[PDB]
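**Student:** experimental structure and sequence below.
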Amino acid sequence: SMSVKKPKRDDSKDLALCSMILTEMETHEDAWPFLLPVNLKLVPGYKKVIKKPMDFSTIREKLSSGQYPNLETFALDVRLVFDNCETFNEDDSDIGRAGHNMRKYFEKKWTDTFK
């Protein structure tokens, strides 16, 4: 509260560390559904159904331009990528499986780097 603060958690490396995680996600072999924004002209249904599209390239640009205020807003956008993928894709599809794998991969790197 006013003039009463918990001890300061060192956040000075968070930008670098989120960038490293994102690089690892970009280079995973199952990243291909997620590298670029879904083409809203060419994928019927996507525009209406997926209210907040997100992809790794969009996260990379937000990251590089100071549009994440803190490491939690960065994790929210990564998870949005996977939540969108589960909304639109069957679990038993190449893309559906890619999304589960990537979410797993991310959540481990997240825990190991920050928790």
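**Tutor:** In hand now; what should we look at? Residues are numbered from 1 along each chain as shown.
**Student:** going on from the helix or strand hosting residue 21, what's the next piece of helix or strand?
**Tutor:** In this structure, residue 21 is located in helix 14-27 according to DSSP states H and E. Next in sequence after helix 14-27, counting helices and strands by DSSP H and E, comes helix 46-49.
**Student:** scan the chain for its longest helix.
**Tutor:** Ranked by residue count under DSSP state H, the longest helix found in the chain is helix 94-114.
**Student:** follow-up on the earlier one: specify the angle between the helix holding residue 21 and helix 94-114 in degrees.
**Tutor:** Angle of helix 14-27 versus helix 94-114, following axes from the mean of the first three to the mean of the last three CA atoms, to 10 degrees, is 150 degrees.
**Student:** okay, helix 14-27 in CSV with CA atoms only?
**Tutor:** Extracted in CSV, the C-alpha atoms of helix 14-27 (Å, rounded to 0.1, in the frame of the first residue of the first chain):
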residue,chain,number,x,y,z
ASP,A,14,13.2,-9.9,-18.4
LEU,A,15,13.3,-8.4,-21.9
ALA,A,16,16.4,-10.4,-22.9
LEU,A,17,15.1,-13.6,-21.4
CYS,A,18,11.6,-13.3,-23.1
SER,A,19,13.5,-12.6,-26.4
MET,A,20,15.5,-15.9,-25.9
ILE,A,21,12.4,-17.9,-25.2
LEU,A,22,10.7,-16.4,-28.2
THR,A,23,13.8,-17.3,-30.3
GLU,A,24,13.6,-20.9,-29.1
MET,A,25,9.8,-21.0,-30.0
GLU,A,26,10.6,-19.5,-33.5
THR,A,27,13.1,-22.2,-34.2
